[PDB]
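First comes one chain, alone, set out as structure tokens in the form solved without the named molecule.
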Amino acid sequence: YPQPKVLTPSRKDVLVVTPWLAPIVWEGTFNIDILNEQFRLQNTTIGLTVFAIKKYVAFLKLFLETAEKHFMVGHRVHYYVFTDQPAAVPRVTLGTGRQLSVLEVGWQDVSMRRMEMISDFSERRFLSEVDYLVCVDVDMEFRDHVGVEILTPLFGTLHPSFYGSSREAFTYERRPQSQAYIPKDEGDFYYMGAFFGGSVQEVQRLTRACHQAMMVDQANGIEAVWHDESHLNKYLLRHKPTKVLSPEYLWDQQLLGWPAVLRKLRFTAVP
């Protein structure tokens, strides 16, 4: 491998470590050959959850085809597709060591569905073999490597509309009557609900907390401004992630182009 050089920053343009010493994952910050060896030595298994409800089942074919090209290639992967149309999941051929299961799903209860269902699912014993869970939205495609550099006990992803913004511009929940409330003077980053994950335990804990917090808000007649994302951000403020993914990992090229600071566009919105 090329020797790291102590007197040469890996990036001169971006913050690559948070103030609580969690890596912010950008191209140029990691040697994937080292990371792949470390994770393969542990026989790492990654579960990928994705919800595809009503017309959004149409997005599963490109999402899965492109996951097979770019997501955790060479590691053990299990896809868990949550859908109300289990018979409509496309038959995509998978590489060795990779499996897919379909979990059938049965307005505020639809708002709670994602955290409720990931919470119930994440506690099942059929996950005993799975080491990390990654939770993403379906109306996306992979365009470049998304691999074991993201894995850690708890991660969030910088929202691509906000990574350049000050915190008062962040769209946190600002009513103190909501469990998701964040005061004006608080907050590290604005994380997006479309891509988070961690170890199975840390994802049990995040989704239980978000689900329980939303049920309290429902009981009180309150819907947070950005729904489970608002709760995700209150959670990650109090329980800080151990890696943060850069917007390479969650981007919309039609809306935001391809700025110089993004050396790769890895996981993008489908236009």
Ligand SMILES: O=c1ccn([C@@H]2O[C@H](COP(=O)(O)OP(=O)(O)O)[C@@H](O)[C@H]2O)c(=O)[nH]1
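We number the residues from 1 along the sequence you see.
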Practice problem: Establish whether the other compared PDB entries of this protein leave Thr96 unmodelled at least a third of the time. | Solution: no
inquiry  = Quick test of your reading: does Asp109 have no coordinates in a third or more of the other entries compared?
reply    = yes
In the entry, residues of the deposited sequence missing between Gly106 and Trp107 amount to 4 to 9
Going by the entry, of stretches 175-183 and 80-88 the one with greater average Cα B-factor is 175-183
When mean C-alpha B-factors in the record are compared for 243-251 and 9-17, the larger belongs to 9-17
Note to self: of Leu154, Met117, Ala169, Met192, the C-alpha temperature factor tops out at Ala169
The residue of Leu100, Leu133, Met112, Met72 with the maximal C-alpha B-factor according to the PDB record is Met112
Binned into thirds over the chain's modelled residues, the C-alpha B-factor of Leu60 lands in the middle
By the entry's values, the third containing the CA B factor of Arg143 is the middle
Here the Cα B-factor of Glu129, set against its chain, lands in the third termed highest
For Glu223, the third of its chain by CA B-factor is the highest
Split the chain's modelled residues into thirds by Cα B-factor; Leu237 lands in the middle
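Same protein, other form: the form solved in complex with the named molecule, not shown, and the subject of what follows.
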Among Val146, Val77, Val134, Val138, just one has a heavy atom within 4.5 Å of the named molecule in the entry with it bound, namely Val138
Checked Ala52, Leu48, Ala67, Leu236 for heavy atoms within 4.5 Å of the named molecule in the entry with it bound; positive is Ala52
Answer among 198-206, 37-45, 53-61, 237-245 for heavy atoms within 4.5 Å of the named molecule in the entry with it bound: the stretch 53-61
